[PDB]
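First the structure, in the form of structure tokens, and then the observations on it.
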Amino acid sequence: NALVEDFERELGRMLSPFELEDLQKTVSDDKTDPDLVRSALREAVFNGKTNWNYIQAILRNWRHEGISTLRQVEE
Ligand SMILES: [Zn+2]
Ligand SMILES: [Zn+2]
Ligand SMILES: [Zn+2]
Ligand SMILES: [Zn+2]
């Protein structure tokens with residue numbers, strides 16, 4: 001999974017089952033574009049804050065504003 005692979009490379013560690021499951025959920029259940037997830041990861045990297053919770057806070061701030069696809073944030 002390229003996305004998981006992005007996460008593990010930046011995090012420098014494997015995702016836990018819970019994180020793997022959280023990612024599945026956000027993408028399928030919550031219908032979040034994987035490229036939107038990846039751009040939250042990008043933004044955490046660009047901030048020098050590559051940690052799970054920080055990436056999720058970026059995604060939550062975007063979800064609050066009704067943003068679930070990368071086009072909505074701008075491709
Ligand atoms: Zn990648
Ligand atoms: Zn969780
Ligand atoms: Zn959910
Ligand atoms: Zn993609």
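For the structure tokens, the naming scheme is as follows: chains receive sequential letters (A, B, ...) according to their order of presentation, residues are indexed from 1 within each chain, and ligands are indexed from 1 in presentation order.
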Check which residues fall inside 7 Å of ligand 3 when counting only C-alpha atoms and all ligand atoms, and print them as a PDB file with N, CA, C and O atoms, in the first residue's frame.
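File selection_27.pdb, as written:
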ATOM      1  N   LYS A  25     -10.193   2.910   7.977  1.00  0.00           N
ATOM      2  CA  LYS A  25     -11.427   3.584   8.362  1.00  0.00           C
ATOM      3  C   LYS A  25     -11.602   4.963   7.752  1.00  0.00           C
ATOM      4  O   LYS A  25     -12.635   5.234   7.130  1.00  0.00           O
ATOM      5  N   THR A  26     -10.599   5.829   7.908  1.00  0.00           N
ATOM      6  CA  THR A  26     -10.661   7.183   7.363  1.00  0.00           C
ATOM      7  C   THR A  26     -10.871   7.176   5.850  1.00  0.00           C
ATOM      8  O   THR A  26     -11.629   7.999   5.315  1.00  0.00           O
ATOM      9  N   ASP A  29     -14.372   4.057   5.380  1.00  0.00           N
ATOM     10  CA  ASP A  29     -15.564   4.450   6.161  1.00  0.00           C
ATOM     11  C   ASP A  29     -15.920   5.923   6.011  1.00  0.00           C
ATOM     12  O   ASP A  29     -17.060   6.273   5.669  1.00  0.00           O
ATOM     13  N   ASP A  30     -14.946   6.787   6.263  1.00  0.00           N
ATOM     14  CA  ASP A  30     -15.187   8.214   6.263  1.00  0.00           C
ATOM     15  C   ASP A  30     -15.027   8.827   4.885  1.00  0.00           C
ATOM     16  O   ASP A  30     -15.207  10.037   4.728  1.00  0.00           O
TER      17      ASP A  30
END
### Task
Let me have all residues with an atom within 12 Å of ligand 1, counting only C-alpha atoms and all ligand atoms, laid out as a count of residues only.
17
### Nearest to residue 57 (chain A) by atom-to-atom distance, counting only C-alpha atoms, from A:40, A:45, A:73, A:28
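When distances to residue 57 (chain A) are compared using only C-alpha atoms, the smallest one comes from A:40.
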### Query
Residues at most 8 Å from ligand 2, using only C-alpha atoms and all ligand atoms? Could they come as number ranges by chain?
A: 18-19, 21-22
